[PDB]
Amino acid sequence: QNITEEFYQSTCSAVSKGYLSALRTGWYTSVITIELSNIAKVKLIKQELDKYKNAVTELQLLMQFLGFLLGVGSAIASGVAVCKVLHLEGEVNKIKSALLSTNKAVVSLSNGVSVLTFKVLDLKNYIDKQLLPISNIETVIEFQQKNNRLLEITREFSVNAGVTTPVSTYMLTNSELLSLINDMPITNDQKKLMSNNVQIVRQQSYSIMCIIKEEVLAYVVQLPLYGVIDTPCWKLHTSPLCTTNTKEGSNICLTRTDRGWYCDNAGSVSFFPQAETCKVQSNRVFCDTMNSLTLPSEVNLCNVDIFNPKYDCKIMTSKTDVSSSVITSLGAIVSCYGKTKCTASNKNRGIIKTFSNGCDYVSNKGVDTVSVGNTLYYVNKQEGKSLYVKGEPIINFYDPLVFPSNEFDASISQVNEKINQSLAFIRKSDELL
């Protein structure tokens, strides 16, 4: 897989490279229908047939740091747009007519939308051609199986107010989901990616209850669409970088705020400031463009040179020199300040390194845990090569007398400009004397 990582002592940050993209860029909606019946061991069927009427009753009763820079979307706007078309007159019968001979038919909606309608369960057929004439053991088995799926679908929709996620196997089975993947108009690369990670596909999917009317239960499944695949991705880990003066309250701190996931995307870079919104499966990174910013590709220069003139690297400043650790992909960043006991240990041998005041780093080769104060961090044991890029911490380049003490959404240039405003004021008033 070749996962690599570089730590930067100058900026107290680390970049993990070698990942491949899998970005949710669009949606694939399809209408899923279940035909209903409008109504010895028969006591078993009578009981199961009353669970049926309770599920129909429940369904009809249902319808009567930089994360703040992100936009605001409507996650199920595309799926709900299909439900509202189905509420029109004759639109449900257009589906019920095309699904009279086959189970998977493309019904063009009245507004020119080509939805892939798929009937997955035919209780109308099984109830109207097997039980209304009224004894084999398979008949009670085949009914308790088809009815159990309707009960689970009803169970999820009632507890989730008609919108469920992830999409369960009762909403859409693997045999049916893999059938949709082979029929949607996408690349073979996209089909192979979805087929090998169906659980990730289910977690990024939505199941929206639309309508139950005229012996038909319809709900829209909103499937993810991966329009960006196999592009380079890298994760940026940052930690506070402070000075280490002896007396408390005399130290200045600096933290890069642009941490998160980065993936090359169409000549630009997609930046995901909330790394918790991306799921990692080996070297594949599943993200969602809804939680991303589109930045110029020059943003990658901040990791090698934070003072470059092409991009203005984002930082925040404070005077809070508290100790903590950031567990990276192949190691651990450690910000040790004050009287905190910061160590890195091995399970078989114990403490093998004691960190000094400042920001340091250790790799997972030989290290299993790090301890910062009273917090024990287990490190990731992923195979990969780390590189310790030595350098002077940039916080030493600043004079604490004219240092902007508390900025939350600043940058290297904003700090330098605010320093010049202070130095120019000192310069002009020193001349008065």
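All residue numbers refer to positions in the sequence shown, first residue = 1.
- Task: Could you bin the unmodelled part of the deposited chain lying between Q64 and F65 as none, 1 to 3, 4 to 9, or 10 or more?
- Result: Unmodelled stretch: 10 or more residues.
- Message: Residues without coordinates, deposited sequence, stretch from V72 to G73: is the count none, 1 to 3, 4 to 9, or 10 or more?
- Response: Count of unmodelled residues in between: none.
- Query: Comparing 15-23 with 406-414, which has the greater mean CA B-factor as deposited?
  - Reply: Mean C-alpha B-factor is greater for 406-414.
- Do the CA atoms of 141-149 or those of 354-362 have the higher mean B-factor in the entry? Result: 141-149.
- Task: Identify, among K381, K41, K385, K390, the residue whose C-alpha carries the highest B-factor in the deposited PDB entry.
- Result: Answer, based on the entry's C-alpha B-factors: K41.
- Message: Between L295, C253, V80, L109, which one tops the list for Cα B-factor in this entry?
- Response: Most elevated C-alpha B-factor of the set, per the entry: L109.
- Cα B factor band for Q222 (lowest, middle or highest third within the chain): Within its chain, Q222 is a middle-third residue by C-alpha B-factor, going by the deposited values.
- Taking the C-alpha B-factors as the PDB entry records them, is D264 in the lowest, middle or highest third of its chain? According to the entry, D264 has a C-alpha B-factor in the chain's lowest third.
- What third of its chain's C-alpha B-factors does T340 belong to: lowest, middle or highest? For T340, the deposited C-alpha B-factor lands in the lowest third.
- Message: Ranking every modelled residue in this chain by its Cα temperature factor as given in the entry, which third contains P309?
- Response: It belongs to the highest third of the chain when residues are ordered by C-alpha B-factor.
- Task: Divide the modelled residues of the chain into thirds by Cα B-factor and specify which third, lowest, middle or highest, holds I95.
- Result: Tercile = highest for this residue's CA B-factor.
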